[PDB]
Amino acid sequence: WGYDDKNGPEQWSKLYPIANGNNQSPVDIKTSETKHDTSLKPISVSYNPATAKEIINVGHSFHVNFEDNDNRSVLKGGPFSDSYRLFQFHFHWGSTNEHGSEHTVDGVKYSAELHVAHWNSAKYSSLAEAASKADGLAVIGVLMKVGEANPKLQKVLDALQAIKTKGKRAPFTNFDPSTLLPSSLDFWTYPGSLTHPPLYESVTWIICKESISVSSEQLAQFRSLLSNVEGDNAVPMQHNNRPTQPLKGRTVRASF
Ligand SMILES: C=CCN1CCC[C@H]1CNC(=O)c1cc(S(N)(=O)=O)cc(OC)c1OC
Ligand SMILES: [Zn+2]
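Under the annotation held in the PDB entry, the protein chain carries the name Carbonic anhydrase 1 and is attributed to Homo sapiens. Quoted verbatim from the Cofactor field of UniProt, the annotation for the protein chain is "Zn(2+)". For the record of the protein chain, the UniProt heading Subcellular location holds the text "Cytoplasm".

Laid out in structure tokens, this is it:
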């Protein structure tokens, strides 16, 4: 699977029939249809910079992984009763500044999106066990609006020169990715899925109301990553955003 026409979003259902499921992500958040939910608690993130582990070029994207052997780095509150353990963050982006985000808000497409990924360590003993469970996963999504350069992205962007081609991996240490979140943690939540194969319906989504900035040149750094292995012809990683999927009756709740 990929983001090519031959192996892309429109094709994923042939190998992963859940692609046409009732809980697929991402979605268009229509603000006139969201329901304020008084019981939603504030989002609580408490991440230990010593849990940052490595940065890896996975062909379609790059991932920053965290040590997830214990509860040093956790998400709590919002819609959750259980503690969720941080394991990764990554980005999605588009061929153009005009699109790139996965979620949209009242039909508006942002330039990129940050995903901070967690698994339910209260209920399950590993990411692999949690990944297919309705309550297994949690993602904080942040819409990225093209404008001013975002100095908080710097350590990440500086690291990409060491993982230029597919399969390249490097240490990535001493980083707290709560530094990337917006100052307001007002949020939408809905029950959803992984936005790429295997597309499991295992994700409680937390979408921040407030965007963060990114420059057109910072986005160019992401698109300059290469999907090919070292020594082959260069194939820039131009896009990795899935189109929005039908709500199929789900309710998007607002903390605000
Ligand atoms: C089940 C596949 C395991 N993969 C390899 C190791 C991490 C993972 C790669 N990334 C994802 O598949 C992945 C992607 C998202 S996303 N883009 O936010 O829907 C979320 C996630 O866990 C909340 C993910 O991990 C389960
Ligand atoms: Zn993602």
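Next, the rest of the story.
### Overview of the overall build of the protein chain
On a plain count of helices and strands, the protein chain comes out with three helices and 15 strands. Over its C-alpha atoms the protein chain spans a radius of gyration of 17 Å, differing by no more than 12% from the 18 Å that the globule rule assigns to 256 residues. With respect to the principal axes defined by its C-alpha atoms, the protein chain has extents near 55 × 40 × 40 Å.

### Observations regarding the pairing of strand 5 (residues 62-66)
Counted residue by residue, strand 5 has five buried out of five residues, so it is predominantly covered. Across the two faces of strand 5 the burial is the same, with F62, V64 and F66 and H63 and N65 all buried. Judged from the five bridges that link them, strand 4 (residues 52-57) and strand 5 form a sheet pairing that is antiparallel. What sits directly across from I55, in strand 5, is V64. Linkage of strand 4 to strand 5, two consecutive antiparallel strands, is achieved through a turn of four residues, within which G59 is found at a positive phi near 90°.

### Description of the coordination of the zinc ion (ligand 2)
As a benchmark, a tetrahedral metal site with four donors has ideal angles of 109.5 degrees, while an octahedral site with six donors has ideal angles of 90 or 180 degrees. Protein coordination at the zinc ion (ligand 2) comes from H90 (NE2), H92 (NE2) and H115 (ND1), with a distance range of 2.0 to 2.1 Å. Site description for the zinc ion (ligand 2): donor spacing in sequence, H-x1-H-x22-H. Here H90, found in strand 7 (residues 84-93), pairs with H115, found in strand 9 (residues 112-120); they are 25 residues apart in sequence, far enough to count as distant.

### Things to note about the nonpolar core
Membership of the largest hydrophobic core comes to 42 residues, with the highest contact counts inside it found for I55, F62, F89, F91 and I140. Of all the elements, strand 7 adds the most residues to this core, at five residues. Not counting residues within four places of it along the chain, the set of residues in contact with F89 comprises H63, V64, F66, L114, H115, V116, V156, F175, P177 and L180. Core analysis: the second largest hydrophobic core is formed by 18 residues, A117, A130, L137 and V203 among them.

### Comments concerning unusual backbone geometry
Between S25 and the following residue, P26, the backbone shows a cis peptide bond with an omega angle of 0°. Considering the arrangement of structural elements, one finds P26 in the segment before strand 1 (28-29). Residue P198 follows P197 across a cis peptide bond; omega there is 5°. When you line up the elements, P198 lands in the loop between strand 12 (187-192) and strand 13 (203-208). Phi is positive for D106, close to 45°, though the residue is something other than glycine. Its location among the elements puts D106 in the loop between strand 8 (104-105) and strand 9.

### Observations regarding the UniProt feature "binding site: substrate" in the protein chain
If you check UniProt for "binding site: substrate", the listed places come out as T195 and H196 in our numbering. Of the residues named above, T195 and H196 line the largest pocket. Within the secondary structure, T195 sits in the loop between strand 12 and strand 13. Discounting chain neighbours no more than four positions away, the residues touching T195 are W12, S25, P26, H92, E102, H115, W205 and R242. Considering the arrangement of structural elements, one finds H196 in the loop between strand 12 and strand 13. Under the relative-accessibility criterion, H196 is labelled buried at 16%. Setting aside anything within four residues of it in sequence, one finds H196 in contact with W1, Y3, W12, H60 and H92.

### Details of the site of ligand 1
Near ligand 1 there are 13 residues, and of these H90, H115, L194, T195 and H196 occur at the shortest range. Contact between ligand 1 and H115: an oxygen atom at 3.1 Å from a side-chain N or O atom of the residue. Considering ligand 1 on its own, with 560 Å² of exposed area, one finds that the protein chains cover 78% of that surface. Using a 2 Å cut-off from the grid points, one finds that ligand 1 occupies the largest pocket. Among the secondary structure elements, those contributing two or more residues to the shell around ligand 1 are strand 7, strand 9 and strand 10 (137-146). The element contributing the most residues to the shell around ligand 1 is strand 7, with four residues.

### Examining the layout of surface pockets
Of the pockets and cavities examined, the largest pocket occupies roughly 380 Å³. The element that contributes the greatest number of residues to the lining of the largest pocket is strand 7, accounting for four residues. Among the residues forming the lining of the largest pocket, the class breakdown is 13 nonpolar, eight polar and no charged. Here the second largest pocket defines a volume of roughly 320 Å³. Along the wall of the second largest pocket there are 15 residues; nearest its centre are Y3, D4, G59, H60 and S227. Taken together, the residues of the lining of the second largest pocket break down into six nonpolar, seven polar and two charged.

Parameters and conventions
- Residues numbered from 1 in each chain as written, not as in the entry; some residues may be left out.
- Chains lettered and ligands numbered in written order.
- Heavy atoms only, no water.
- Residues with missing side-chain atoms left out of burial classes, pairs and counts.
- UniProt positions renumbered as here; feature names shortened; annotations may be inferred.
- Helix = DSSP H or I, 4+ residues; strand = E, 2+ residues; numbered from the N terminus.
- Rg over C-alpha atoms; globule rule 2.2 N^0.38 Å.
- Buried < 20%, exposed > 50% of the residue type's maximum accessible area, 1.4 Å probe, protein only.
- Pairing = 2+ DSSP bridges.
- Donors = N, O, S within 2.8 Å, 3.2 Å for Na, K, Ca; no water.
- Core = buried A, V, L, I, M, F, W, Y, C linked by side-chain atoms within 4.5 Å.
- Contact = heavy atoms within 4.5 Å.
- 1 Å grid on protein atoms, 1.4 Å probe; cavity = no way out; pocket = protein on both sides within 12 Å on 5 of 7 lines; lining within 4 Å.
- Near = heavy atom within 4 Å.
- Polar contact = N/O pair within 3.5 Å; in protein donor to acceptor, adjacent residues only side chain to side chain.
- Areas by Shrake-Rupley, 256 points an atom, 1.4 Å probe, with all protein chains shown as cover.
- Sits in = over half its atoms within 2 Å of the grid points.
- Points joined across faces, edges and corners; volume = space filled by probe spheres on them.
- Nonpolar A, V, L, I, M, F, W, Y, C, P; charged D, E, K, R; others polar.

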